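Before any comments, here is the structure.
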Amino acid sequence: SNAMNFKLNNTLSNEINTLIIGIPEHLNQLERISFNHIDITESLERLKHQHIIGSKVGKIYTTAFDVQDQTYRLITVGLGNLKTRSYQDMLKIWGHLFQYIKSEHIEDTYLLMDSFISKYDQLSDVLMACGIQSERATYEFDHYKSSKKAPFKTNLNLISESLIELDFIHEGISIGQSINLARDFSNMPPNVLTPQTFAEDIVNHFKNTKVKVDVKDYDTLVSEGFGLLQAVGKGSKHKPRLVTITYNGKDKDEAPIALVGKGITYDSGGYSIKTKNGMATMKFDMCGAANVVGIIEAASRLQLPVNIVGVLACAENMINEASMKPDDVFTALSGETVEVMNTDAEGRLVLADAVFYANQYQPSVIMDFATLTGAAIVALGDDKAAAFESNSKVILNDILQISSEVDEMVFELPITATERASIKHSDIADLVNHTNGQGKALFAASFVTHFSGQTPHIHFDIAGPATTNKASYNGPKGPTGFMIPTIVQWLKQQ
Amino acid sequence: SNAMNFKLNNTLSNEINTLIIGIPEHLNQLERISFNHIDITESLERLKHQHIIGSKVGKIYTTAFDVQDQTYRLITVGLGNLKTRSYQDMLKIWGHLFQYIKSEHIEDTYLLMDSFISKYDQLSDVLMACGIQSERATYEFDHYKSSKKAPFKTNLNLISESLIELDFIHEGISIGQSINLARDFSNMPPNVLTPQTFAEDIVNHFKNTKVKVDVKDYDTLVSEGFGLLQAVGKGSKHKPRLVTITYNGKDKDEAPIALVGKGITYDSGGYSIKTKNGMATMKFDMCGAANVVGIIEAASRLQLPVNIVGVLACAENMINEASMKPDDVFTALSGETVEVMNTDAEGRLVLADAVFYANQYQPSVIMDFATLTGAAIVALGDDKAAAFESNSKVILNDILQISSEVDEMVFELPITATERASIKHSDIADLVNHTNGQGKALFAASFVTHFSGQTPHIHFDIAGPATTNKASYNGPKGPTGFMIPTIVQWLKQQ
Amino acid sequence: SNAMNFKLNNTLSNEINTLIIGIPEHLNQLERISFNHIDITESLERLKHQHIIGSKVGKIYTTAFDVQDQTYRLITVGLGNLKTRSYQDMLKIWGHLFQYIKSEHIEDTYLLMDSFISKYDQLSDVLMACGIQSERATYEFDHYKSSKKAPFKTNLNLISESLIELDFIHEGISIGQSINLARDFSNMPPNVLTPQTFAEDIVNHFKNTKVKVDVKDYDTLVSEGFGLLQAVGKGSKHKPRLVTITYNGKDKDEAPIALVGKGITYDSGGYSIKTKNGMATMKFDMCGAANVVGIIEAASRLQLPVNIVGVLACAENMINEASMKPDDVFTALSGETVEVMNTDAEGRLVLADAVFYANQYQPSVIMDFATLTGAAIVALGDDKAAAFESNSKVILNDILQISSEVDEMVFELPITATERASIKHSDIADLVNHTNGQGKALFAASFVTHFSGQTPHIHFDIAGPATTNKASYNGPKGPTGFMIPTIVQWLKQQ
Ligand SMILES: [Cl-]
Ligand SMILES: [Cl-]
Ligand SMILES: [Cl-]
Ligand SMILES: [Cl-]
Ligand SMILES: [Cl-]
Ligand SMILES: [Cl-]
Ligand SMILES: [Cl-]
Ligand SMILES: [Cl-]
Ligand SMILES: [Cl-]
Ligand SMILES: [Cl-]
Ligand SMILES: [Cl-]
Ligand SMILES: [Cl-]
Ligand SMILES: [Cl-]
Ligand SMILES: [Cl-]
Ligand SMILES: [Cl-]
Ligand SMILES: [Cl-]
Ligand SMILES: [Cl-]
Ligand code: NA
Ligand code: NA
Ligand code: NA
Ligand code: NA
Ligand code: NA
């Protein structure tokens, strides 16, 4: 069910006494604002001049507002200069607004949509942002709180002089709810969300949908030779799982798009144990898998004409009497031998088996999503994602463009001859999973992209931007659902 | 069996040729010292003048001493100035004396008690110290040594011109033996003393006494909802236990005094693993529980008119395939959810379940004893205990007074609005068990005292003074039995 | 000059169109609120019911407000429940209000003072908080910014039906300005504020006042035997200074109150060098000296009938060819020899010389203020101060009471026989400045309080609360002026 209830010009009743208007830097840049049958432009101009309301981007102003005999509660959100209003600004505008609406427990209000739409922007971008933020900005994970407040519906009565389509908002809502679905999996405690229960939850979620889900249990995945996934997950009581998700949106026998996700439900580091502060927030080590589920959820609900195969490598990296150790040599699904020198480099191992398995489906492109390396955070900062291409320079360039347009910072790092050679620097095995040298993020990418062969492969290291430690217009602390907006937008263009 | 055998004015035997006298700074401040019927004051004055004997507090002097025809072995212990003789001085005097007696393998000796008693001190304080130190100062844990010497009895023939009651010494002995009982549990190797065997030993010890013992096994803990105790102890082969100890010293119906003890038989830190030097001496992480047992042992043997309920939360904090991890969320006995961010903060977790359980008995006051925080040691040093009050400002003030009178350094640290708020700083659960900020000892206290509600609660962080790395007049290295003297004295006043 | 311009019952001006009212949880608890000649209580009740304004403590609400013809800008600050309104609440109320007024660049406004005063609280407390926060909450240090905005005066036209005395506000302003004076010294860059320039600034500040200032230059220090102050400061190009500040508020010759301040303008740690993050914000290592200056500034401007002598030990702890080293032995002003084992324990060294010098004036009490120990922060947290008494148990108890009443968290830590003995644990000198054992804050206090002899001495370790890393109702990040409110209040009661 939805956080907001969107209604278009159905009725105008005495029950409702709350009004929402967007305020730009220059009011004359909009078509004269009118509520009921009265022009209210000059009264808003006086309130702006008195500094009772303002235009600062995303700032909330409230005031008592008289129109005719009735006194209304006016809610103002600043739009800034309409000429220089970015997509980020739109997210900030809708974000702060819906957050205010929810925290003030407002159940019934008018929304003057014409004050948000300018001559400068296309209708779809404003309504898309409106739809997404109505779910994404108002997200909360209070399921384990004893003092959780009862969920309520906010009725938004949209008033527009020339608007009929409401589909662009409903499109945004389904994307926003897909992001929140990913967030829910990520926020889940590791003692509750194990590889098994994670698989079971995915099955139950897609049970009555067009999306097919296959779960490969522990004794199947070992006998089928998933050696690396076995190695990583064997140290836990809760054994690893492989989840295959298929969505046939165009139904043609056409080569699917492979989306691979790292589903490490908890990472202790294994025998290469993490520090005290290092283990904090390690339930978020499966964000990659969660975000893949979100992308497929969005694609299916939007009924996009695309074929997608999703592969999730789920495991729990734990210490016990028989868990993986440095010096251990395992046989990958590819048949290649891998020497493990660092058990905290577990992500690239499970991705390797998953990528090789994904390539069996003969996809047009493979995209993997993982919270892999600390070095990627050191490289680009906590708020940007690292992207690596292997035989897919063109598809990456499109994604780097799309991401910059949807307020998601993604930047390229290289895979050179150095990294292609150094993954083979083992005295015993075909491959090694760790280097003591620098450029560790590049090494990890080289390791993962090796298993795709010549198939176009993009690796996304989202160790940084997958989570945030600061609340914003995009929602509270925790999982961000990073990449979902970018990939969905890219999928829309296929 | 007792270390010393106290006999009052027993026949002056020719088999005995050893003599003990206390020597003050001024011999004229005492009643003329006489042995047999002979006045020996002047001869002791000459030996003091020749520096053959002296008065320095707790210093042992020995000499050949002629009285009549027979040559005696004279043993002298300094008393210092009798005007300025503290209770600590008395412990130092009796402590060093009985230690010398035991190391010299003396089996039969006279003790001139009149030389130890002055007009300035209370007779009861001297004889109390005498009784305690006869057991406490002479303590040794040589049960795992192959070269352990055979235990022997020292016959102390007390000579006093005007003394009849010997009950104040026997009172001290039973207190001293209670301290040693606590020490025995603490010194026990962790591979021998597990939560199960610890519970079993308590049952067997109180089997034929007025003290009732109930043991709650692992299956009972889980089905009754001891979630936090379960969480801490599940990682060990030796599963947790809850031990309930009841002593009804006065009445069936009068509100008991709750004594809660942390019984972590071994603390590795869990996945938040300790350093090499950090794990050393971690068998002492159950000193709190051991000292509660000691307090109840003393109260019952002294037949004090008080009702006591003792609750011990026993577990072993270990690493395995399914042990607790940072990010884990558990349901406490209170019904509240707790996010675990640091598995080395295990003490406050087991105390939380124990305190809530203790409060079901509707006690007049709850007192918990635990080796909790390193920050408490940083705060007050290794030799002082940290005390925290919650709705019991008055009872604490009495205890702070009593402790300073029985040579036990205990000082107050605060629980403010800051700490009461910060235990709730979790993005997912009702409570969090760890802060990255400072004032960690205050946080831990706030966490523990939360579970008592409005019931008067005093928390004792004895991480420092529960053990000593230096031998002294109070005994050898290891467990000190800290707080036992203070609480017993407080219980005597109810 | 002043940040706010307070005018009481000033002429009704036709140009002022801004109005400030305090809003409680129940409006009927106040005397019926009236502006101009109109009762506005029931119109405010409707706005509160519509959630246009509210009562949440310290929350700002604004709205268009019609009274008669003219439309006013109404500014509302919540007061909460008037029955349970603490002094902290008052600071939060005035703090957030004046911060809003300044950030909104408001130059002329009405203030309905009667809405802030209740039958439940003392009048003097409301106006005191109003005065302090008008300066303290609005503080900014933008002197080194190129884009610093021009300072402006806000005219506050107070409207009260029964109020004449304005002196309680002017009293608060002078206290607030004294806090800001201390903040200015603390915020000053260490390459600008050296011991010399710090001394020069103090001279120039008190030049035309009742306060006398004496500066002891480097040559005078060594020749007069300030050995410890010399030792600490000799490694810098900018040599140490001793600043003596005398204020005779009552009597030509009556025992003064000694206020000693640590004036380390910069602390690198010396040869016991700090880490990278350790040196950050070390210009605040002279907050103690700055706050003493603030206290004396407040006392003199309030013309309090007290005698005060202020002693400031100013130095810069630097590394060079001849700076102090571990193993160095120096002769203190007392004539005692001190072995330096840790050059980062520089504070206790300069305080020692300053305290001994202060005692020459034969004060009734000595109070020192210093950012000394990291262990004090570990003990009580970053937001509380550690207080230690030596022969002044009574005066401390009064200060601990006063502080809790003026929203300043100060708590006692002990100085025991252990600490009194351990400061003498040197193989070579009379004293040692550092222990490798725990309880380091207690050790430091013992070291400092040693030099006062038997004179009543209170030591304040303000390492934590002297600075804040978070903006609040008390002002921006940086120096807090901690202790100034507490000591001034204490001085008012002499
Ligand atoms: Cl505009
Ligand atoms: Cl193999
Ligand atoms: Cl990895
Ligand atoms: Cl296949
Ligand atoms: Cl291959
Ligand atoms: Cl002595
Ligand atoms: Cl004497
Ligand atoms: Cl749960
Ligand atoms: Cl703990
Ligand atoms: Cl019960
Ligand atoms: Cl409770
Ligand atoms: Cl009220
Ligand atoms: Cl409130
Ligand atoms: Cl010298
Ligand atoms: Cl220091
Ligand atoms: Cl002088
Ligand atoms: Cl001295
Ligand atoms: Na490849
Ligand atoms: Na992050
Ligand atoms: Na409590
Ligand atoms: Na003193
Ligand atoms: Na600080």
Those residues that are surrounded by fewer than 17 Cβ atoms within 10 Å (Cβ to Cβ) and either within 15 Å of ligand 7 (Cβ to nearest atom) or assigned to a helix (DSSP H, G or I) (or both), I need them from region B:55-86; list them, please.
-> B:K56, B:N81, B:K83, B:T84, B:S86
Given the residues B:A352, B:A290, B:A298, B:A379, which is the only one that is buried (at least 24 other Cβ atoms within 10 Å of the Cβ), under 30 Å from C:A445 (Cα atoms) and out of contact with any strand residue (DSSP E or B) (no Cβ under 6 Å at 6 or more places or on another chain)?
-> B:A379
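Yes/no per residue for (1) surrounded by fewer than 20 Cβ atoms within 10 Å (Cβ to Cβ); (2) free of Cβ contacts under 8 Å to residues at least 24 places away in the same chain; (3) among the acidic types (D, E):
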residue: B:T246; (1), (2), (3): yes, no, no
residue: B:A255; (1), (2), (3): yes, no, no
residue: B:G270; (1), (2), (3): no, no, no
residue: B:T281; (1), (2), (3): yes, no, no
residue: B:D285; (1), (2), (3): no, no, yes
residue: B:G294; (1), (2), (3): no, no, no
residue: B:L304; (1), (2), (3): yes, no, no
Just for region C:31-54: of the residues that are hydrophobic (A, V, I, L, M, F, W, C) and in a loop (DSSP other than H, G, I, E, B), which one is surrounded by the most Cβ atoms within 10 Å (Cβ to Cβ)?
-> C:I53
Take the residues in region C:54-86 that are β-branched (V, I, T) and under 30 Å from C:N14 (Cβ atoms), then tell me which one is farthest from ligand 2 (Cβ to nearest atom).
-> C:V67
Would you pick out the residues in region C:367-424 that are more than 30 Å from C:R85 (Cα to Cα), more than 11 Å from chain B (Cβ to nearest Cβ) and without any contact (Cβ under 8 Å) to a residue 40 or more places away in the chain?
-> C:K393, C:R420, C:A421, C:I423, C:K424
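Looking at the structure I just gave you, is C:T449 in contact with a strand residue (DSSP E or B) (Cβ under 7 Å, 6 or more places away or on another chain), more than 13 Å from chain B (Cβ to nearest Cβ) and surrounded by 21 or more Cβ atoms within 10 Å (Cβ to Cβ)?
Criteria met by C:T449.
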Are any of the residues in region A:112-132 surrounded by fewer than 19 Cβ atoms within 10 Å (Cβ to Cβ), in contact (Cβ under 8 Å) with a residue 60 or more places away in the chain and within 14 Å of another protein chain (Cβ to nearest Cβ)?
-> no
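With without any contact (Cβ under 8 Å) to a residue 40 or more places away in the chain and touching a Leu at 6+ places or on another chain (Cβ under 6 Å) as the only criterion, which of C:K212, C:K216 stands out?
Answer to the check: C:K216.
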Within region A:466-490, residues at positive phi and not in a loop (DSSP other than H, G, I, E, B) come out as A:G475, A:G478
Residue check, B:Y361 against (1) farther than 19 Å from B:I264 by Cα; (2) more than 11 Å from every other protein chain (Cβ to nearest Cβ); (3) within 18 Å of the chain's Cα centre (by Cα), all met but one. Which one?
-> (3)
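The rows are residues; the columns are (1) out of contact with any helix residue (DSSP H, G or I) (no Cβ under 7 Å at 6 or more places or on another chain); (2) in contact (Cβ under 8 Å) with a residue 24 or more places away in the chain; (3) within 16 Å of ligand 12 (Cβ to nearest atom).
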| position | (1), (2), (3) |
| --- | --- |
| C:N2 | no, yes, no |
| C:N10 | yes, yes, no |
| C:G22 | no, yes, yes |
| C:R32 | no, no, yes |
| C:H37 | yes, no, no |
| C:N81 | yes, yes, yes |
| C:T84 | yes, no, yes |
| C:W94 | no, yes, no |
Total residues in region C:305-320, condition within 20 Å of C:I264 (Cα to Cα) and in a loop (DSSP other than H, G, I, E, B) = 3
Of all residues in region A:133-180, which are hydroxyl-bearing (S, T, Y), more than 14 Å from chain B (Cβ to nearest Cβ) and over 17 Å from A:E104 (Cα atoms)?
-> A:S160, A:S162, A:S174, A:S178
Report, by residue number, each residue of region B:151-188 that is outside any helix (DSSP H, G or I), more than 16 Å from the chain's Cα centre (by Cα) and either more than 27 Å from B:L12 (Cβ to Cβ) or without any contact (Cβ under 8 Å) to a residue 60 or more places away in the chain (or both).
-> B:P151, B:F152, B:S162, B:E165
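Return the residues of region A:361-407 that are at positive phi and of a type in the set (D, E, K, R); say none if nothing qualifies. I'd like the intermediate steps shown before the answer.
Kept after step one, since they are at positive phi, are these residues of region A:361-407: A:362, A:381, A:391, A:407.
Scanning region A:361-407 gives a single hit, A:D407.
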Of C:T194, C:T138, the only residue that is in contact (Cβ under 8 Å) with a residue 40 or more places away in the chain, within 18 Å of C:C287 (Cβ to Cβ) and polar (S, T, N, Q) is C:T194
The lone condition B:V338 fails out of (1) surrounded by fewer than 23 Cβ atoms within 10 Å (Cβ to Cβ); (2) within 14 Å of chain A (Cβ to nearest Cβ) is (1)
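Condition (residue is farther than 24 Å from A:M483 by Cα and away from ligand 2 (no atom under 16 Å from the Cβ)) applied to region A:306-318: is it met by at least one residue?
yes
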Mind checking which residues of region A:11-30 are exposed (fewer than 14 other Cβ atoms within 10 Å of the Cβ) and under 16 Å from A:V57 (Cα atoms)?
-> A:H26
Failed criterion for B:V67 (all others in (1) of a type in the set (A, V, I, L, M, F, W, C); (2) closer than 27 Å to B:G131 by Cβ; (3) over 39 Å from the mean Cα position of the chain (by Cα) hold) | (2)
Would a scan of region C:93-100 turn up a residue that is assigned to a strand (DSSP E or B) and of a type in the set (V, I, T)?
-> no
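Is there a residue being on the phi < 0 side of the Ramachandran plot, away from every other protein chain (no Cβ under 11 Å), more than 16 Å from ligand 11 (Cβ to nearest atom) and over 21 Å from the mean Cα position of the chain (by Cα) anywhere in region C:435-442?
yes
Methodologically, a virtual Cβ is constructed for each residue, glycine included, from the backbone with ideal geometry; neighbour enumeration extends over all protein chains shown. The numbers here are math on the coordinates, done by the rules we state, and not lab data.
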